[PDB]
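Student: There's a structure below that I have some questions on.
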Amino acid sequence: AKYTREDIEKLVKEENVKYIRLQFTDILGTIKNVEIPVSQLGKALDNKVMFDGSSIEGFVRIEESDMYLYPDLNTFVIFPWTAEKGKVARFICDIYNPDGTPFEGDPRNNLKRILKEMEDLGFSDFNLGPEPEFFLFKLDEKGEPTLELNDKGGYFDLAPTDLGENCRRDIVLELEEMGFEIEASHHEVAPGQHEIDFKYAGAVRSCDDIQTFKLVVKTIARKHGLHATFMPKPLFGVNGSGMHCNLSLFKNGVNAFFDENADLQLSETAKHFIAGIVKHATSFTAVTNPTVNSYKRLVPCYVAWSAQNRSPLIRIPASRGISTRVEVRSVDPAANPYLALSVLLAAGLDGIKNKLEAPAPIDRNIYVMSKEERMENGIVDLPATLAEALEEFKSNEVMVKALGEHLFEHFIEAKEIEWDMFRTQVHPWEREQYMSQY
Amino acid sequence: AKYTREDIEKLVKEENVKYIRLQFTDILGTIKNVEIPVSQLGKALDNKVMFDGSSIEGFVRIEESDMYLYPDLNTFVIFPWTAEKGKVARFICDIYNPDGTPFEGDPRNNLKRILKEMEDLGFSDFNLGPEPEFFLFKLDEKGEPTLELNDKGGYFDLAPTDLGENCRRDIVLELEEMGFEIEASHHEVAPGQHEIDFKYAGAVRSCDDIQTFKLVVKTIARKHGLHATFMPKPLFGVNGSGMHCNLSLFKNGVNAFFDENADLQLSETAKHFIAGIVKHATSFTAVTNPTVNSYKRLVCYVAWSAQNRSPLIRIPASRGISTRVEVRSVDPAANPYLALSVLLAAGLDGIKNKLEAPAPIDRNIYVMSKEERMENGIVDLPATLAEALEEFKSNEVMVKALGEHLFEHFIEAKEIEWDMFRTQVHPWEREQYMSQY
Ligand SMILES: [Mg+2]
Ligand SMILES: [Mg+2]
Ligand SMILES: [Mg+2]
Ligand SMILES: [Mg+2]
């Protein structure tokens, strides 16, 4: 643990907190929340705050199911921005059924579940190193955003100098003084694009910071007449934002992917784990890349791995010893971190649990080699549409078992609508073409 | 030394630095960096910070070169302008490969290489006194540049009175506080143009202040609703910007160009030095004058002259420990380290081969015909980036001045830039052809 009951109450009073924000997360990953005045902290800490859990069921909730909010003291956070009447603090709560049992449809529980599934295989933890990127569009006079990029910067360039905007440099200062452990940050390839790399930590805790991040970001951004969007492909013909996930299995407190003797120094646990994802990649994409836009960014356009290449689905970074990780470059910021990891973790366990090996490391042939040329090898292609990604998700087995009932049932259903809406829609593009030629 | 690890650590605390900018420079000159919280100063100081090396190669990136960042303590600086939760610092670094070796495709490190050559020849230092001219423009409500000049002044005029703007003034008052050693400054021959000269400095130290300079200018300019633009030929009709460079080699501390008892007091090492720049000027212009726009400002004839209109090489009056060669063709758009590199090479290639410098320039060159350019030293510079690249490609020493790598990519990045401009259909074209033809 970290914080204690009394420790909190002491920190709330001594710091003047009058607005406790009990927050969670729904199937889509959007920051859900139920606010209660400081005077309710009591009822809350005892885990007696009831809310309509139907919420968590995306935009397809029928009845009004009741569930409890189990806050976790180790996540007690006090936001920098003050209110006029007092400070505001937060707690991340696991949803629970009226019978004191973890709601099987909760995205954060589903992870502590697979995480328990990890330990059964004799593993200490699962650390995540996320590399989330976003754009910053200017706000108009009214308040609505516009395709007005906040700067014309380029990859790794030195965006607006310290004397001015530089919303990046600020989100960081904040995230740091707030409690984050960021490695570094820089300007991304696309103008107005930025990346902020966090250190590592336990899966469930990383997914926790991904959420807090997206939240902190948007907040500060607003306070700069800007709009922050973790949307995969904002503008056509411009670089898309992604969110590489640095993975690493620890056992008995030591990296289970390292081998200071085996070639590439990759333990047998690594390769195995590696092959695992590959096997289920083309399938868990519908999770790691939810939205319709996601695939407009998949034009790792190829399913392959190696020490380094143009658009590889996977990639093992230089770093050795502890920092012996596996990068999954397909996931985007739109994905739900608690599902991105749930699905990702299993995809790697099923390889370890079933001992699997993948083809030799992709040399220097992926982009140039044609499709059927990549078909004559262990180089398949990720699905190109959310429609197609979902089909490969409903048929996969470990995936379905990775989200269980609720999550699967509702996700597939929801996401189906998303696609039906988008396909039964008549876009401007259509008219541009067919309206006259036909 | 100037800043022991311990010292910096003492500084960052006492001054309250909550943001370390680990900045460097790519092949295209663009100033870049990797920002880390002060909560990583150690991880960085230990040269353990990684970043996508390919950022150097530029817009022609393909893969990701997991390279490292090695900060030069002595380049420690604390930007006057403060964030909020604290101040912001920085370190100009050197790019290294996962195997502790200096990335060969990095400029800052390249200049250092060419410095070893200058040393494996007895020479101790190779100084530089840049004269970076620039233009200042207004911004619109949206906060976008425009062709409106902050002032309509002229040569050495008394630019914006001390009351109000005087963007140039503050620019310098800031650089002074920062640590620069400014000689002077005036107002160039064009409305909104300016020039700031720096006390000569070490090949590297100077190139570094040139970069730091463009930044401080660029910044404060915004801090004044203006827009700084080192673009060489902002617009047709008005004067163009340029970054003269006062080259001067030293041996055993003292100047190796001076010579009390001798013709003009310019030692053989100097005469030969001039010589090497004459036969290479046309072959390094593409580097010293990168942008396709550079040549729109070069409308010019290779030849040295103690005094004249716009000669490629010039020899300032002052001598003694100030004796020096000035290459007036270079402009602010040029990657400083490469400009020096290419020049030090063209220069050293004359010192180690003892070259005979052709007679200087006398009367005006504007009245020099083309057939006589074949006879007399009137070999004009390249007219377009295209012709300048071919030339660069030709000369061997110039290629050995950036190494396979830095050379391989420069040619590419620059060739595509050209083809882009070439395959383009400009307004001018339509204006003169759509009606006639
Ligand atoms: Mg990236
Ligand atoms: Mg990475
Ligand atoms: Mg001048
Ligand atoms: Mg001069």
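Identifiers in the structure tokens: chain A, B, ... in order shown; residue index from 1 per chain; ligand index from 1 in order shown.
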Near stretch 98-108 of chain A, counting only C-alpha atoms, which residues have an atom at most 10 Å away, once you skip same-chain residues fewer than 3 positions from it, shown as an mmCIF file with N, CA, C and O atoms, in the first residue's frame?
Tutor:
```
data_model
loop_
_atom_site.group_PDB
_atom_site.id
_atom_site.type_symbol
_atom_site.label_atom_id
_atom_site.label_comp_id
_atom_site.auth_asym_id
_atom_site.auth_seq_id
_atom_site.Cartn_x
_atom_site.Cartn_y
_atom_site.Cartn_z
ATOM 1 N N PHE A 24 -13.921 6.928 -11.999
ATOM 2 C CA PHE A 24 -13.704 5.589 -12.527
ATOM 3 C C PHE A 24 -13.490 5.634 -14.033
ATOM 4 O O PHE A 24 -13.004 6.640 -14.560
ATOM 5 N N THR A 25 -13.820 4.549 -14.724
ATOM 6 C CA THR A 25 -13.630 4.507 -16.167
ATOM 7 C C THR A 25 -14.627 3.563 -16.796
ATOM 8 O O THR A 25 -14.866 2.484 -16.275
ATOM 9 N N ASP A 26 -15.202 3.960 -17.923
ATOM 10 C CA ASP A 26 -16.175 3.110 -18.606
ATOM 11 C C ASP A 26 -15.535 2.265 -19.706
ATOM 12 O O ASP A 26 -14.360 2.434 -20.024
ATOM 13 N N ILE A 27 -16.315 1.358 -20.283
ATOM 14 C CA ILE A 27 -15.819 0.468 -21.325
ATOM 15 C C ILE A 27 -15.039 1.202 -22.440
ATOM 16 O O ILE A 27 -14.068 0.665 -22.976
ATOM 17 N N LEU A 28 -15.443 2.423 -22.781
ATOM 18 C CA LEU A 28 -14.761 3.181 -23.830
ATOM 19 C C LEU A 28 -13.457 3.838 -23.381
ATOM 20 O O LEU A 28 -12.638 4.237 -24.208
ATOM 21 N N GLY A 29 -13.282 3.974 -22.071
ATOM 22 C CA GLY A 29 -12.074 4.584 -21.542
ATOM 23 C C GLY A 29 -12.197 6.046 -21.167
ATOM 24 O O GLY A 29 -11.235 6.657 -20.680
ATOM 25 N N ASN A 47 -16.742 2.798 1.571
ATOM 26 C CA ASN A 47 -17.190 2.161 0.338
ATOM 27 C C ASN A 47 -18.715 2.045 0.253
ATOM 28 O O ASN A 47 -19.239 1.053 -0.248
ATOM 29 N N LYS A 48 -19.423 3.066 0.728
ATOM 30 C CA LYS A 48 -20.881 3.049 0.702
ATOM 31 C C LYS A 48 -21.542 4.014 -0.291
ATOM 32 O O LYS A 48 -22.753 4.217 -0.248
ATOM 33 N N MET A 50 -23.165 4.819 -3.572
ATOM 34 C CA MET A 50 -23.823 4.059 -4.633
ATOM 35 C C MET A 50 -24.014 4.954 -5.853
ATOM 36 O O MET A 50 -24.350 6.129 -5.701
ATOM 37 N N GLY A 53 -24.149 2.225 -12.030
ATOM 38 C CA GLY A 53 -23.108 1.564 -12.786
ATOM 39 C C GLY A 53 -23.471 1.301 -14.233
ATOM 40 O O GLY A 53 -22.618 0.873 -15.009
ATOM 41 N N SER A 54 -24.726 1.536 -14.609
ATOM 42 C CA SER A 54 -25.128 1.308 -15.989
ATOM 43 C C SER A 54 -24.210 2.165 -16.849
ATOM 44 O O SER A 54 -23.964 1.860 -18.015
ATOM 45 N N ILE A 56 -20.885 2.681 -16.893
ATOM 46 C CA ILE A 56 -19.777 1.904 -17.444
ATOM 47 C C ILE A 56 -20.109 1.156 -18.733
ATOM 48 O O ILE A 56 -19.201 0.783 -19.475
ATOM 49 N N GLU A 57 -21.394 0.938 -19.004
ATOM 50 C CA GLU A 57 -21.800 0.215 -20.209
ATOM 51 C C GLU A 57 -21.909 1.081 -21.465
ATOM 52 O O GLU A 57 -22.887 1.004 -22.210
ATOM 53 N N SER A 65 -28.659 -0.349 -13.192
ATOM 54 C CA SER A 65 -27.987 -1.217 -12.238
ATOM 55 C C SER A 65 -27.280 -0.384 -11.172
ATOM 56 O O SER A 65 -26.712 0.658 -11.485
ATOM 57 N N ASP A 66 -27.322 -0.843 -9.921
ATOM 58 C CA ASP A 66 -26.664 -0.147 -8.807
ATOM 59 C C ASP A 66 -25.341 -0.824 -8.421
ATOM 60 O O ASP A 66 -25.258 -2.051 -8.349
ATOM 61 N N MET A 67 -24.310 -0.019 -8.173
ATOM 62 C CA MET A 67 -23.007 -0.549 -7.797
ATOM 63 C C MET A 67 -22.290 0.394 -6.847
ATOM 64 O O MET A 67 -22.609 1.582 -6.767
ATOM 65 N N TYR A 68 -21.319 -0.140 -6.119
ATOM 66 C CA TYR A 68 -20.581 0.675 -5.173
ATOM 67 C C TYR A 68 -19.244 1.113 -5.729
ATOM 68 O O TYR A 68 -18.736 0.545 -6.702
ATOM 69 N N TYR A 70 -15.465 1.521 -4.654
ATOM 70 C CA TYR A 70 -14.399 1.157 -3.730
ATOM 71 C C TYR A 70 -13.166 1.982 -4.050
ATOM 72 O O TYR A 70 -12.384 1.624 -4.928
ATOM 73 N N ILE A 92 -9.566 6.844 -7.248
ATOM 74 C CA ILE A 92 -9.929 5.948 -8.349
ATOM 75 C C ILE A 92 -10.651 4.761 -7.695
ATOM 76 O O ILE A 92 -10.053 4.029 -6.908
ATOM 77 N N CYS A 93 -11.924 4.561 -8.022
ATOM 78 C CA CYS A 93 -12.699 3.490 -7.399
ATOM 79 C C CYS A 93 -13.060 2.275 -8.249
ATOM 80 O O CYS A 93 -13.536 2.409 -9.379
ATOM 81 N N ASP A 94 -12.854 1.085 -7.683
ATOM 82 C CA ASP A 94 -13.184 -0.162 -8.365
ATOM 83 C C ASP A 94 -14.679 -0.347 -8.175
ATOM 84 O O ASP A 94 -15.182 -0.193 -7.067
ATOM 85 N N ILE A 95 -15.401 -0.667 -9.238
ATOM 86 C CA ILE A 95 -16.836 -0.852 -9.100
ATOM 87 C C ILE A 95 -17.143 -2.196 -8.430
ATOM 88 O O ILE A 95 -16.442 -3.192 -8.646
ATOM 89 N N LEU A 111 -8.481 -6.097 -15.161
ATOM 90 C CA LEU A 111 -7.029 -6.047 -15.252
ATOM 91 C C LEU A 111 -6.391 -6.655 -14.014
ATOM 92 O O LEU A 111 -5.417 -7.392 -14.122
ATOM 93 N N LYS A 112 -6.942 -6.352 -12.840
ATOM 94 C CA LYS A 112 -6.421 -6.893 -11.584
ATOM 95 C C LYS A 112 -6.676 -8.392 -11.591
ATOM 96 O O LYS A 112 -6.115 -9.144 -10.787
ATOM 97 N N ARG A 113 -7.541 -8.799 -12.519
ATOM 98 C CA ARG A 113 -7.921 -10.189 -12.728
ATOM 99 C C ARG A 113 -6.819 -10.857 -13.549
ATOM 100 O O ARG A 113 -6.159 -11.775 -13.079
ATOM 101 N N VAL A 204 -1.864 -1.989 -13.731
ATOM 102 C CA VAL A 204 -2.998 -1.303 -13.140
ATOM 103 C C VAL A 204 -2.661 0.134 -12.734
ATOM 104 O O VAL A 204 -3.526 0.999 -12.815
ATOM 105 N N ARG A 205 -1.418 0.403 -12.315
ATOM 106 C CA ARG A 205 -1.065 1.780 -11.934
ATOM 107 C C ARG A 205 -0.769 2.646 -13.152
ATOM 108 O O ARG A 205 -1.031 3.855 -13.134
ATOM 109 N N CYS A 207 -2.162 2.292 -16.231
ATOM 110 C CA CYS A 207 -3.461 2.619 -16.797
ATOM 111 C C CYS A 207 -4.066 3.754 -15.974
ATOM 112 O O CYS A 207 -4.843 4.558 -16.484
ATOM 113 N N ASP A 208 -3.714 3.798 -14.689
ATOM 114 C CA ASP A 208 -4.214 4.826 -13.776
ATOM 115 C C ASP A 208 -3.666 6.208 -14.146
ATOM 116 O O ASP A 208 -4.396 7.206 -14.127
ATOM 117 N N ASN A 336 -8.519 1.967 -24.499
ATOM 118 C CA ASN A 336 -8.749 1.955 -23.067
ATOM 119 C C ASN A 336 -7.507 1.244 -22.497
ATOM 120 O O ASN A 336 -7.227 0.097 -22.851
ATOM 121 N N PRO A 337 -6.732 1.925 -21.634
ATOM 122 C CA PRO A 337 -5.528 1.334 -21.042
ATOM 123 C C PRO A 337 -5.755 0.072 -20.218
ATOM 124 O O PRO A 337 -4.888 -0.804 -20.150
ATOM 125 N N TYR A 338 -6.913 -0.026 -19.579
ATOM 126 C CA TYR A 338 -7.191 -1.210 -18.795
ATOM 127 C C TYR A 338 -7.548 -2.410 -19.701
ATOM 128 O O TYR A 338 -7.428 -3.560 -19.276
ATOM 129 N N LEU A 339 -7.974 -2.148 -20.942
ATOM 130 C CA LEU A 339 -8.315 -3.218 -21.905
ATOM 131 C C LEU A 339 -7.154 -3.469 -22.861
ATOM 132 O O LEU A 339 -6.973 -4.581 -23.365
ATOM 133 N N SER A 342 -5.026 -5.599 -20.717
ATOM 134 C CA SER A 342 -5.678 -6.869 -20.424
ATOM 135 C C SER A 342 -5.485 -7.776 -21.628
ATOM 136 O O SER A 342 -4.960 -8.887 -21.527
ATOM 137 N N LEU A 403 -11.491 -10.612 -21.593
ATOM 138 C CA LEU A 403 -12.446 -9.599 -21.152
ATOM 139 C C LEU A 403 -13.635 -10.241 -20.463
ATOM 140 O O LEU A 403 -14.444 -9.553 -19.835
ATOM 141 N N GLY A 404 -13.747 -11.558 -20.616
ATOM 142 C CA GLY A 404 -14.841 -12.292 -20.006
ATOM 143 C C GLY A 404 -16.189 -11.976 -20.627
ATOM 144 O O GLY A 404 -16.273 -11.536 -21.772
ATOM 145 N N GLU A 405 -17.253 -12.201 -19.869
ATOM 146 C CA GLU A 405 -18.609 -11.946 -20.345
ATOM 147 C C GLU A 405 -18.853 -10.458 -20.633
ATOM 148 O O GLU A 405 -18.529 -9.955 -21.709
ATOM 149 N N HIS A 406 -19.431 -9.775 -19.647
ATOM 150 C CA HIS A 406 -19.761 -8.351 -19.707
ATOM 151 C C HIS A 406 -18.934 -7.549 -20.700
ATOM 152 O O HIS A 406 -19.442 -7.100 -21.727
ATOM 153 N N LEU A 407 -17.661 -7.356 -20.391
ATOM 154 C CA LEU A 407 -16.808 -6.590 -21.275
ATOM 155 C C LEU A 407 -16.957 -6.998 -22.735
ATOM 156 O O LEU A 407 -17.307 -6.163 -23.557
ATOM 157 N N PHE A 408 -16.710 -8.264 -23.059
ATOM 158 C CA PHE A 408 -16.843 -8.747 -24.440
ATOM 159 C C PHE A 408 -18.232 -8.407 -24.998
ATOM 160 O O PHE A 408 -18.357 -7.611 -25.927
ATOM 161 N N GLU A 409 -19.269 -9.023 -24.422
ATOM 162 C CA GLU A 409 -20.666 -8.809 -24.841
ATOM 163 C C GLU A 409 -20.983 -7.357 -25.174
ATOM 164 O O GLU A 409 -21.453 -7.044 -26.268
ATOM 165 N N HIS A 410 -20.735 -6.469 -24.220
ATOM 166 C CA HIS A 410 -21.029 -5.068 -24.425
ATOM 167 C C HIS A 410 -20.096 -4.408 -25.437
ATOM 168 O O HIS A 410 -20.569 -3.763 -26.376
#
```
Student: Go through the chains and note each residue within 10 Å of ligand 2, using only C-alpha atoms and all ligand atoms, then give the set as a JSON list (two decimals) with C-alpha atoms, in the first residue's frame.
Tutor:
```
[["chain", "number", "residue", "atom", "x", "y", "z"],
["A", 129, "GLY", "CA", 6.07, 2.35, -20.31],
["A", 130, "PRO", "CA", 3.54, 4.37, -22.34],
["A", 131, "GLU", "CA", 4.53, 6.86, -25.03],
["A", 197, "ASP", "CA", 7.13, 9.69, -22.00],
["A", 243, "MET", "CA", 0.87, 5.22, -27.85],
["A", 244, "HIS", "CA", 3.62, 2.59, -27.90],
["A", 245, "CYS", "CA", 3.50, 0.33, -24.89],
["A", 246, "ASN", "CA", 6.80, -0.72, -23.33],
["A", 315, "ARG", "CA", 10.41, -3.71, -31.36],
["A", 316, "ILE", "CA", 12.87, -4.52, -28.56],
["A", 317, "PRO", "CA", 14.70, -1.28, -27.55],
["A", 326, "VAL", "CA", 9.11, -5.15, -25.72],
["A", 327, "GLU", "CA", 7.51, -2.26, -27.58],
["A", 328, "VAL", "CA", 4.10, -2.73, -29.17],
["A", 329, "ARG", "CA", 3.91, 0.16, -31.65],
["B", 50, "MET", "CA", 18.13, 8.34, -25.17],
["B", 51, "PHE", "CA", 16.22, 9.97, -28.03],
["B", 52, "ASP", "CA", 15.38, 8.99, -31.60],
["B", 64, "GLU", "CA", 14.92, 5.00, -35.44],
["B", 66, "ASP", "CA", 18.53, 4.73, -30.57]]
```
Student: Excluding residue B:349 and residues on its chain fewer than 4 positions from it, collect all residues at most 8 Å away from it, counting only C-alpha atoms, and give them as an MDAnalysis selection string.
Tutor: chainID B and resid 276 345 353 397
Student: Given the choices A:242, A:351, A:154, A:58, which gets closest to chain B if the distance is worked out from only C-alpha atoms?
Tutor: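 When distances to chain B are compared using only C-alpha atoms, the smallest one comes from A:154.
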Student: If you run DSSP over the backbone, which residues in stretch 124-277 of chain A end up helix (DSSP H, G or I)? Put them as a ChimeraX atom specification.
Tutor: /A:167-178,203-222,263-265,268-277
Student: May I ask you to extract the residues of chain B within 8 Å of chain A, using only C-alpha atoms, and to give them as a PyMOL selection string?
Tutor: chain B and resi 18-19+30-37+40+55+62-64+66+81-83+85+88+98+215+219-220+223
Student: Please provide the set of residues having any atom within 8 Å of residue B:271, restricted to only C-alpha atoms, with same-chain residues fewer than 4 positions apart removed, written as a list in words.
Tutor: residues 266, 267, 275, 356 and 357 of chain B
Student: Could those selected residues go to a file with N, CA and C atoms, as an mmCIF file, in the first residue's frame?
Tutor:
```
data_model
loop_
_atom_site.group_PDB
_atom_site.id
_atom_site.type_symbol
_atom_site.label_atom_id
_atom_site.label_comp_id
_atom_site.auth_asym_id
_atom_site.auth_seq_id
_atom_site.Cartn_x
_atom_site.Cartn_y
_atom_site.Cartn_z
ATOM 1 N N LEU B 266 50.598 39.729 -43.934
ATOM 2 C CA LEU B 266 49.791 38.519 -44.005
ATOM 3 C C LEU B 266 50.725 37.341 -44.288
ATOM 4 N N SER B 267 51.010 36.556 -43.256
ATOM 5 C CA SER B 267 51.895 35.400 -43.371
ATOM 6 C C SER B 267 51.511 34.455 -44.502
ATOM 7 N N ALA B 275 43.900 31.419 -50.504
ATOM 8 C CA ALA B 275 43.971 30.550 -51.672
ATOM 9 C C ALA B 275 42.992 29.373 -51.653
ATOM 10 N N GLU B 356 48.817 28.894 -54.480
ATOM 11 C CA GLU B 356 49.125 30.270 -54.848
ATOM 12 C C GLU B 356 47.850 31.043 -55.123
ATOM 13 N N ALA B 357 47.588 32.032 -54.279
ATOM 14 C CA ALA B 357 46.394 32.856 -54.414
ATOM 15 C C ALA B 357 46.518 33.821 -55.592
#
```
Student: What is the distance between atom CA of residue B:424 and atom CA of residue B:29, in Å to one decimal?
Tutor: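 Distance reported for this atom pair: 24.0 Å.
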Student: What residues of the protein or nucleic acid chains come within 9 Å of ligand 4 when you use only C-alpha atoms and all ligand atoms? Reply as a ChimeraX atom specification.
Tutor: /B:130-131,244-246,314,316,326-328
Student: Output the selection as a CSV table (one decimal), in the first residue's frame - C-alpha atoms for each residue.
Tutor:
```
chain,number,residue,atom,x,y,z
B,130,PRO,CA,29.9,36.3,-37.2
B,131,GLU,CA,27.8,39.2,-38.4
B,244,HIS,CA,29.7,37.2,-42.8
B,245,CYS,CA,32.4,35.1,-41.1
B,246,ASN,CA,35.7,36.4,-39.8
B,314,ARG,CA,37.6,40.4,-47.7
B,316,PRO,CA,39.5,43.8,-42.6
B,326,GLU,CA,36.3,37.5,-44.0
B,327,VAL,CA,34.0,35.2,-46.1
B,328,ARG,CA,31.1,37.5,-47.0
```
Student: Dump the neighbourhood of ligand 3 as number ranges by chain: all residues within 9 Å, distances computed on only C-alpha atoms and all ligand atoms.
Tutor: B: 131-133, 155, 185-189, 194-197, 241-244
Student: What would the file look like if the residues just selected were written as a CSV table (one decimal), in the first residue's frame with N, CA and C atoms?
Tutor:
```
chain,number,residue,atom,x,y,z
B,131,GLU,N,28.5,38.0,-38.2
B,131,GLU,CA,27.8,39.2,-38.4
B,131,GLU,C,26.5,38.8,-39.0
B,132,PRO,N,25.6,38.2,-38.2
B,132,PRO,CA,24.2,37.7,-38.6
B,132,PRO,C,23.2,38.8,-38.8
B,133,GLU,N,22.9,39.1,-40.1
B,133,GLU,CA,21.9,40.1,-40.4
B,133,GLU,C,20.5,39.4,-40.4
B,155,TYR,N,20.5,52.2,-43.4
B,155,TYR,CA,21.8,51.9,-42.9
B,155,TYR,C,22.3,52.7,-41.7
B,185,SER,N,26.2,46.9,-33.0
B,185,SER,CA,25.0,46.6,-33.8
B,185,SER,C,24.5,47.9,-34.4
B,186,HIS,N,23.9,47.7,-35.6
B,186,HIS,CA,23.3,48.9,-36.4
B,186,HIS,C,22.0,48.4,-37.0
B,187,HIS,N,21.6,49.1,-38.0
B,187,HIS,CA,20.4,48.8,-38.7
B,187,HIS,C,20.8,48.6,-40.2
B,188,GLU,N,20.7,47.4,-40.7
B,188,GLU,CA,21.1,47.2,-42.1
B,188,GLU,C,20.4,48.1,-43.1
B,189,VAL,N,20.9,48.1,-44.4
B,189,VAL,CA,20.4,48.8,-45.5
B,189,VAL,C,19.0,48.5,-45.9
B,194,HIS,N,18.4,44.2,-39.4
B,194,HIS,CA,19.3,44.5,-38.4
B,194,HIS,C,20.5,43.6,-38.4
B,195,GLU,N,21.6,44.0,-37.6
B,195,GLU,CA,22.8,43.2,-37.5
B,195,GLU,C,23.4,43.3,-36.1
B,196,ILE,N,23.9,42.2,-35.6
B,196,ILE,CA,24.5,42.2,-34.3
B,196,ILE,C,25.8,41.4,-34.4
B,197,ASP,N,26.9,42.0,-34.1
B,197,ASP,CA,28.2,41.3,-34.2
B,197,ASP,C,28.6,40.8,-32.8
B,241,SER,N,19.7,39.2,-46.4
B,241,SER,CA,20.5,39.0,-45.2
B,241,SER,C,21.7,38.1,-45.5
B,242,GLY,N,22.7,38.2,-44.6
B,242,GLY,CA,23.9,37.4,-44.9
B,242,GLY,C,24.7,37.3,-43.5
B,243,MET,N,25.5,36.2,-43.4
B,243,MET,CA,26.2,36.0,-42.2
B,243,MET,C,27.7,36.0,-42.4
B,244,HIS,N,28.3,37.1,-42.5
B,244,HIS,CA,29.7,37.2,-42.8
B,244,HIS,C,30.4,36.4,-41.7
```
Student: Write out as a PyMOL selection string which residues come within 8 Å of residue A:192 when counting only C-alpha atoms, dropping same-chain ones fewer than 6 positions away.
Tutor: chain A and resi 135-137+149-153
Student: Among the residues of stretch 198-406 of chain B, find those DSSP assigns to strand (DSSP E) from the backbone and print them as a list in words.
Tutor: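 Selecting the strand (DSSP E) positions of stretch 198-406 of chain B gives residues 198, 201, 202, 226, 227, 228, 229, 243, 244, 245, 246, 247, 248, 249, 250, 304, 305, 313, 314, 325, 326 and 327 of chain B.
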Student: Do you have the atom CA of residue A:367-atom CA of residue A:297 distance handy?
Tutor: 15.5 Å
Student: Could you tell me how far atom CA of residue B:293 sits from atom CA of residue B:153, in Å to one decimal place?
Tutor: 24.1 Å
Student: Using only C-alpha atoms and all ligand atoms, can you tell me which of A:331, A:210, A:217, A:228 comes closest to ligand 1?
Tutor: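 So, comparing all the options, the nearest one is A:331.
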Student: Quick one: of A:5, A:138, A:10, A:194, who's nearest to ligand 1, counting only C-alpha atoms and all ligand atoms?
Tutor: A:194
Student: For residue A:209, which residue among A:175, A:11, A:304, A:380 is the nearest when counting only C-alpha atoms?
Tutor: A:175
Student: What lies within 12 Å of stretch 411-421 of chain B using only C-alpha atoms, ignoring chain neighbours under 5 positions off, as a ChimeraX atom specification?
Tutor: /B:26-29,56-61,286-287,289-293,384-394,399,402-406,426
Student: Could you give me, as a PDB file with N, CA and C atoms, in the first residue's frame, the residues within 9 Å of residue A:4, counting only C-alpha atoms and dropping anything in the same chain fewer than 4 positions from it?
Tutor:
```
ATOM      1  N   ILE A   8      -5.229  10.120   4.993  1.00  0.00           N
ATOM      2  CA  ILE A   8      -6.040  10.889   4.046  1.00  0.00           C
ATOM      3  C   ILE A   8      -6.794  12.008   4.742  1.00  0.00           C
ATOM      4  N   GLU A   9      -7.609  11.617   5.712  1.00  0.00           N
ATOM      5  CA  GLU A   9      -8.403  12.552   6.487  1.00  0.00           C
ATOM      6  C   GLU A   9      -7.530  13.684   7.002  1.00  0.00           C
ATOM      7  N   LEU A  73      -7.004   4.266  -1.449  1.00  0.00           N
ATOM      8  CA  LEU A  73      -6.211   5.309  -0.794  1.00  0.00           C
ATOM      9  C   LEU A  73      -4.830   5.611  -1.393  1.00  0.00           C
ATOM     10  N   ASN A  74      -4.207   4.621  -2.031  1.00  0.00           N
ATOM     11  CA  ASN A  74      -2.883   4.817  -2.619  1.00  0.00           C
ATOM     12  C   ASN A  74      -2.948   5.710  -3.847  1.00  0.00           C
TER      13      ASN A  74
END
```
